[PDB]
C-alpha cells in the first residue's frame, strides 16, 4: 500500500543473505550474502553501470578495439519444448533461463600466450597486432532493467537487456568461471510492438519469486534482439546487483533496438509497485498499481579503460 518491487508480502522468493531492492537504485547496498561475504557495491572502484563518455569513446576518436580483437556473437533461437525455457520474476528482474543445452555463445579475444596473471578483461589493453587467441563465453541467463543501466553520453534508454556469460576455458584464472556481459539498449519507438520481445513479455510472471515455463514452440530470437550493426563499448566492471562482484568484461551495444510505448508500460508494470490486502505469501492479495523500475544508479569510471569497437 504500496510495496517496492522486491518487497511484496506475496513474494515466494527465497533470499540467501541480506534483503535488498532498487528503492534507492543501489545507493544503500551494504550487506552480506548467505555465506557472510560483504558486498562490494559501495566499496569497489570498478563498478557498473557507467555513463558512457562521448569524448574519446562514442565520438569514435579514441583507441578502438582492432577488428581482429572484437568479440563475436553467435546466438541461434532459444526454443522451449514446454518446460525447457523459463521466465522468472525473482523480485529484482524478469530473467530468462533454460534447462536444455542451448548452443548460443560468444567468443572473446585473449593474449595467445597467457598464465595465472591474465584475466578475461585483457583484450582492453591488447595492442591491435598482439598475438591473440579466443575463448568461448557461454550464456547462463538473460534479464532486463528499466530504465537502462548504462547511459550513452548522458542519455537514458527505456530498457536494457543483459546477457550474462561464463568463461571457463583456456585462461588459467577462469577455472572456477569468469564472467562477461553483453548489454542491449532499446530506444522508445512510436510503432507496433517489437515482436522479438513478446515471447518474454507475453509470458512473464507478475508475482514476485515465481517462474513460468514457456509454452512448447515458443521461440526467443536472441540473435535478432542483438543489434545487426555490432558496434559496442567495452570496459571492466561489475555485476549491477549485490554482491556487485568486479572483474566482468562488459560489452554495451551502441545501436539501440526498438521498444513500443505499450511494451515499456507492460514491462514497468511487471516490475511495478503493488498494493496488497491481507488474507505466509499466500495470505495476501496483491495488484501492481504503479509503474516501477529495477535499475542501478550510474557509477564513475575512476580512470578505467573504456574503448569503442566499430563493426566492420
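Numbering follows the first chain given and starts at 1.
- Per the record, residue 279 and residue 280 are separated by a gap of 10 or more residues from the deposited sequence that were not modelled.
- Set 157-165 against 223-231 and average the Cα temperature factors; 223-231 ends up higher.
- Taking the mean C-alpha B-factor of each stretch as recorded, 123-131 and 189-197 are not equal, and the higher mean is that of 123-131.
- Looking at 82, 242, 237, 91, the one whose CA carries the top B-factor in the deposited record is 82.
- For the set 26, 34, 31, 256, the maximum C-alpha B-factor listed in the entry falls on 34.
- Sorting the modelled residues of the chain by their CA temperature factor places residue 45 in the middle third.
- Annotation for residue 274: C-alpha temperature factor in the middle third relative to the rest of the modelled chain, per the entry.
- Residue 284: CA B factor in the highest third of modelled residues in this chain (values from the PDB entry).
- The entry lists a Cα temperature factor for residue 14 that places it in the highest third of the chain's modelled residues.
- Remark: residue 62 belongs to the highest third of its chain, ranked by C-alpha B-factor as recorded.
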